[PDB]
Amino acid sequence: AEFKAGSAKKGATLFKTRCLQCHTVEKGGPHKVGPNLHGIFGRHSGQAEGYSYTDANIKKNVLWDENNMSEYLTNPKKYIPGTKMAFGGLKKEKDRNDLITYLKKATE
């Protein structure tokens, strides 16, 4: 994947309408169906404190960056087989770019 910075505004709206049902981003924000995502970039997968991950999420042991996050979000189950994240994926490169542009700033 080739992440390129897009519209953080449109990405905020994508997060709100497709991810917020299971995730928060803010420092200290609640765990819900999925883990709070503060600090996700530059951390290995499966390490938010207080959350119970699948073994596959921890064991994939990917160091998240803008590029492997784009590949993951295209089809989560294909990048992390066995993940309990119920999400088919964002197929459009432009939507992933916008969303990841937002995530990069909102999760710090």
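Numbers follow the displayed sequence, beginning with 1.
- Between 50-58 and 33-41, it is 50-58 that carries the larger average Cα temperature factor according to the deposited entry.
- Of the two stretches examined, 24-32 and 69-77, the record assigns the greater average C-alpha temperature factor to 24-32.
- The entry lists a Cα temperature factor for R18 that places it in the lowest third of the chain's modelled residues.
- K91 sits in the middle third of its chain by CA B factor, as recorded in the PDB entry.
- Ranked against the other modelled residues of its chain, the C-alpha B-factor of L103 as given in the entry falls in the lowest third.
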